[PDB]
Amino acid sequence: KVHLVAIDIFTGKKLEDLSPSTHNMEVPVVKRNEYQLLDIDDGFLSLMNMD
Amino acid sequence: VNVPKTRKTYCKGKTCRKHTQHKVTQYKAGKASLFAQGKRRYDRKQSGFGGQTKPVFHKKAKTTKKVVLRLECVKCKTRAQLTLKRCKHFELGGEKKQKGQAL
Amino acid sequence: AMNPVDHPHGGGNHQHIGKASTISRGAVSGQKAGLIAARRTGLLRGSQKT
Amino acid sequence: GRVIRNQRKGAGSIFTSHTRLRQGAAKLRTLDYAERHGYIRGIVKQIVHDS
RNA sequence: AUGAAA
RNA sequence: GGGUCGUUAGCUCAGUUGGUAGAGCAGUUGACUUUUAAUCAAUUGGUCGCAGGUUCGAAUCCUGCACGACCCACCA
RNA sequence: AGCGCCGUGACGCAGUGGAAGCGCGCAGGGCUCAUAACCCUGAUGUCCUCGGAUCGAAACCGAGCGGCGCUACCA
RNA sequence: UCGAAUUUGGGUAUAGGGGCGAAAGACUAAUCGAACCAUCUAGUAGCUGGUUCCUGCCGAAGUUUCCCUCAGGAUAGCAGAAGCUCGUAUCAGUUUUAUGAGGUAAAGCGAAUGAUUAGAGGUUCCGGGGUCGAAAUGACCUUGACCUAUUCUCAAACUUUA
RNA sequence: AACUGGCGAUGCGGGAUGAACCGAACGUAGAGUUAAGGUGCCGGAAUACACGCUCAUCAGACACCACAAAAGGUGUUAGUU
RNA sequence: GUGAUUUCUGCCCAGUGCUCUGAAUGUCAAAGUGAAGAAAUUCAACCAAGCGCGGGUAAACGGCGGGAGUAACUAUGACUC
RNA sequence: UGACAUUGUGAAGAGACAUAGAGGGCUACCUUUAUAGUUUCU
RNA sequence: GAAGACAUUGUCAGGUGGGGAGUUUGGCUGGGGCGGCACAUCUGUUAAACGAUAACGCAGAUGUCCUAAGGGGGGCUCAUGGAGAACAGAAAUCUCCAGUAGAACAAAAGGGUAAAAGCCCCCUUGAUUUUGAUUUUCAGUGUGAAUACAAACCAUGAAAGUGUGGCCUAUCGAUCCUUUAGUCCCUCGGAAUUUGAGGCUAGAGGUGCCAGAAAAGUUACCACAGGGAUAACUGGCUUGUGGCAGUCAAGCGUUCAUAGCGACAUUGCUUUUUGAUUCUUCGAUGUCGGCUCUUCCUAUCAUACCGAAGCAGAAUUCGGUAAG
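Residues numbered from 1 in each chain as written, not as in the entry; some residues may be left out. Chains lettered and ligands numbered in written order. Part of a larger assembly, values for the part shown. Heavy atoms only, no water. Residues with missing side-chain atoms left out of burial classes, pairs and counts.

Under the PDB entry, the name given to chain C is 60S ribosomal protein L2-A, and the source organism is Saccharomyces cerevisiae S288C. Its PDB title, taken directly from the record, is "Structure of the yeast Gcn1 bound to a leading stalled 80S ribosome with Rbg2, Gir2, A- and P-tRNA and eIF5A".

The name that the PDB entry assigns to chain A is eiF5A, with the source organism given as Saccharomyces cerevisiae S288C.

So, in structure tokens, the structure goes:
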């Protein structure tokens, strides 16, 4: 069985769990997107896409 | 996969029975009613001691759903379903596939 | 030093508690072996401050 | 598992306090009339170890 | 801040 | 006792997997300085532990051969 | 023996198919009598090697070369 | 070890997932990682063992598919029994005639693809160059390519043939 | 794993011996004739006939089967140029 | 929990626990409230503790790293990154 | 921990619900103010 | 005296709760566990020229992708090479010649295709409805995929024609439940209307252990039914590995391949190691070493007799009969 230690990415919070090596564990479908940046209004960041 | 917003298809509607124009829309799974017999029986079945009484499913594998449509006849308003294959990404707003383009 | 049947610390090839000894006040009768409802632990250095 | 020491000391078969060599309870005389309107004299006759 | 031997 | 790795300038280390030994330390001379030190330039050292195939042809290909550097070695 | 990871400037460590980041280190100028520090500037990465897929990879998949890790229990 | 956290009689308390434990899962009436007694109970067993007279006739399978299925079942097959409709044929683990299909053995690589050995003869607007010379698609020589025809060996996932 | 045949479920005759090989498959008997295997003695059957090879101071002896190889020998025989 | 005396108890509150805040558009049951409907009922708001957010705590459970470069022989590395 | 019941007799504040008026980035708020009833914390 | 409509107590609802209870903790497998998926499938080969055919056999692949990358029609021919054309070179764009496919067709691989199935262009949604028949896997059951027609309505094309998804081989899912579309049809059983619920036909939400349970560990304190179907001792077949002996001779040995050694190569032997297999044994063959004590083999360390030497003597090496 596997002990896992992983960092919450949108929060910064450690998460340790453990479960057998052959049992199924869920994964999301993470994506990076590389957005360009324009003039920042109130606290909301301001990113555009190519199209 | 991508689909347009309107489609010419058969309407078994008792006056068309031929190819008419059909507004397409997706199929949304629909809010669940209470007082359907399964929910009534299930609330009775869970009423009291015994713990969980019906199975509950976790050994999950499918990372995709079948996409399903509703076809509204322009003349009769006769809805109709037809199903498509499995797709991760789906879209109705169609920016067309231009072949002659760059990266 | 007891067996795991006899206490909530017992057992193991090494004499070790294993699960932390600071016990909730809203625990039950059978779990309240150890340091119960504690606010701080360890050596106090300074004053009782009262 | 099994019942444990405090969880049996509550029931108290062999953990009841010993009483053979005690002089009874130690108490203040009853608040009858004198201790709430005046006073009363008493004599310390003896002093004794309580076990 | 430091500044080779006679 | 085997399986692997390597023994290159006085010292140390790349080497090139086949045709040429290169870098640093060291030493010698020169420049520098009042002379030295350091610093700069130039040369010195190299069959690279003994025989095979031999790329036309071999240090490095690998075959054995003396030095070293690791890994294994009843059993219930 | 079996399985897994990793190889990015001189050094350490990031790097996401449209194309290399930071710190240290290095060089040049200026202050200083000189070096250090300081202020103004610039550069250096076959992304271990070969092949493949891809319009094109350092990344993606095989080969090799190297440095590690994990298994090694019941007798 | 021996004046004590000592040794002991009698009474007395604590009762089974409970007691008691200076703690070994030890003790709890020769029983303790849950006492003993009775019932539910003839508990359940895909597992082991056994399964009672004679003779005659026929006579197997360990294979298909599905099962938290692999020591077991269901199904199909193999085999018995009951027969039923007709009476020499609407058959055959066979041969012959005629017609099809295969791409394995074998064979081939001066035939495609992939791998491979060695020469010669050329083309140098032609890779590296060594020379004649200022150089010149000028000239010569050597050495890796490419071209020509040749040679030697191969292929379960190559092939004309077969 | 493929095809076929056997053993399991199968006795008899042979292979000394043996589940499978060889021969042949079985009612109870009698008479003959054979199979595979054998005919010195054990052992029923010729110490038969015929042509040659071999002497071995660890011979060789009959399928499956119970092993034996590379390399050699002026031993001996028959051959080739 | 630790186990006479002597000496000494270092650094880590990120995780799991324990505990103390509430200043909060988070989550938030039943009962209760409002709206729709003819009613069953539906929808919305509010919202206790708890959970989430944030402090404290290691004589609480427990944890306490690698890689490079450099010294006037070489090696080593006080030093630096 | 919350609701109802047990469970009666009293008040003093405060918050919100609908109407109207001012301060704000055709106009949505937020800051406030004055009302007749309605709930809820102290 | 205290305290007071709070506490308490009763009933519901939310939390906490291995303190306590119940239960589970896949299968295949050269023993099991770790590992892996050979568990649902696809290509080529093994596979022995019909079909079928195994192993934890080999090299791979799938849980996706496309309103076009589907359907039709029309016009062109690709990869690559040669010869040229400023910048422009090996590689930018253009033209000519050859070009049976050496390209491209969503991907793995294999087939297939040259006025096309490829590339471009034009128009479309036959990726539509009703349901039956058939092939493959096969029990001739289902799922999935595909084939050929019928009745309709269409697309495309001048037209024959072609078209029920992708050029073919893979790309996916039962019951119960929930939900949606159709008929606006049936019922709610004393008679009606309207909500609501239950029905019929057709799809989705998902079971990847893929003919489909809802599921973590440990036991050296262990228990039971069994198993030599299955491991760890010994034995048996095998001898990689361990060990021993031969064939040949490049070389070493002052000169010389063999006195003694003998690389590169190769044929054997033994079961004294250590593996591999699972035939016997799990209703038990007492399991390492030492002590004691016997016996056997020889591949002889010494001793007896000999042979050879780079053996003058001594000492030593090689070798024969030899296990007394």
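Enquirer: Kindly report on the arrangement of the chains, identifying the contributing residues and their values.
Expert: For chain A and chain B, which are not in contact, the least C-alpha distance works out to 8 Å. Of all C-alpha pairs spanning chain A and chain C, none lies closer than 16 Å, and the two are not in contact. (Contact = heavy atoms within 4.5 Å.)

Enquirer: Tell me what's going on with the pattern of salt bridges, and back it up with residues and numbers.
Expert: All names here are of chain D. One pass over the full model with this rule turns up two salt bridges over all chains. One salt bridge in this structure joins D32 and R29, with 3.8 Å as the shortest N-O distance. A salt bridge links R29 to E35; the shortest N-O distance between them is 3.4 Å. You can call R29 exposed: its relative accessible area is 57%. Relative accessible area serves as the criterion here: at 31%, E35 is assigned to the partly exposed category. Here the salt bridges share partners, and the residues they tie into one network are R29, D32 and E35. (Salt bridge = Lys/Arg side-chain N within 4 Å of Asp/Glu carboxyl O. Buried < 20%, exposed > 50% of the residue type's maximum accessible area, 1.4 Å probe, protein only.)

Enquirer: Could you give me a rundown of the environment of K28 of chain B, with the residues and numbers involved?
Expert: Within the secondary structure, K28 of chain B is located in the loop between β2 (19-26) and α1 (37-46). Residues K28 of chain B and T9 of chain B, 19 residues apart in the sequence, show an inter-C-alpha distance of 21 Å. (Helix = DSSP H or I, 4+ residues; strand = E, 2+ residues; numbered from the N terminus.)

Enquirer: Pulling in residues and values, what's your account of the state of the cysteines?
Expert: Going through the model one piece at a time under the given rule, you end up with zero disulfides over all chains. For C73 of chain B, which is in no disulfide, the shortest distance to another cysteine sulfur is to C16 of chain B and amounts to 3.9 Å. (Disulfide = S-S within 2.5 Å.)

Enquirer: Please provide a residue-by-residue account of the interface of chain D and chain C, values included.
Expert: Counting from both sides, the interface comprises six residues of chain D and, opposite them, seven residues of chain C. Of the roughly 530 Å² buried where chain D meets chain C, counting both sides, 57% is carbon and sulfur surface. The largest contributions to the chain D side of the interface with chain C come from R2, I4 and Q7 of chain D, which together make up 65% of the buried area. On the surface where chain D and chain C come into contact, there are zero salt bridges. Run the count over chain D and chain C and you get one residue pair in polar contact. Among the residues making up the side of chain D that touches chain C, the classes are represented as one nonpolar, three polar and two charged. (Buried area = accessible area lost by both parts, 1.4 Å probe. Polar contact = N/O pair within 3.5 Å; in protein donor to acceptor, adjacent residues only side chain to side chain. Nonpolar A, V, L, I, M, F, W, Y, C, P; charged D, E, K, R; others polar.)

Enquirer: Quick rundown of the side chain of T9 of chain B? Include the residues and the values.
Expert: Here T9 of chain B lies in strand β1 (residues 6-10). Other than its neighbours up to four places away in sequence, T9 of chain B contacts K18, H19, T20, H22 and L71 of chain B.

Enquirer: How would you explain the pairing of strand β4 (residues 81-86) of chain B if you had to name every residue and give the values?
Expert: All names here are of chain B. β4 sits mainly on the outside: zero of its six residues count as buried. Pairing geometry for strand β3 (residues 66-73) and β4, over four bridges, is antiparallel. In the sheet register, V68 faces β4, and the bridge partner there is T83. (Pairing = 2+ DSSP bridges.)

Enquirer: How would you explain a nonpolar patch on the surface if you had to name every residue and give the values?
Expert: All names here are of chain A. A contiguous nonpolar surface patch, about 420 Å² in accessible area, is contributed by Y35, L37, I40 and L47. On the secondary structure map, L37 appears in strand β3 (residues 36-37). A relative accessible area of 53% places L37 in the exposed class. (Patch = residues over 30% accessible without salt bridge, like charges linked within 9 Å, V, L, I, M, F, W, Y side chains within 5 Å. Areas by Shrake-Rupley, 256 points an atom, 1.4 Å probe, with all protein chains shown as cover.)

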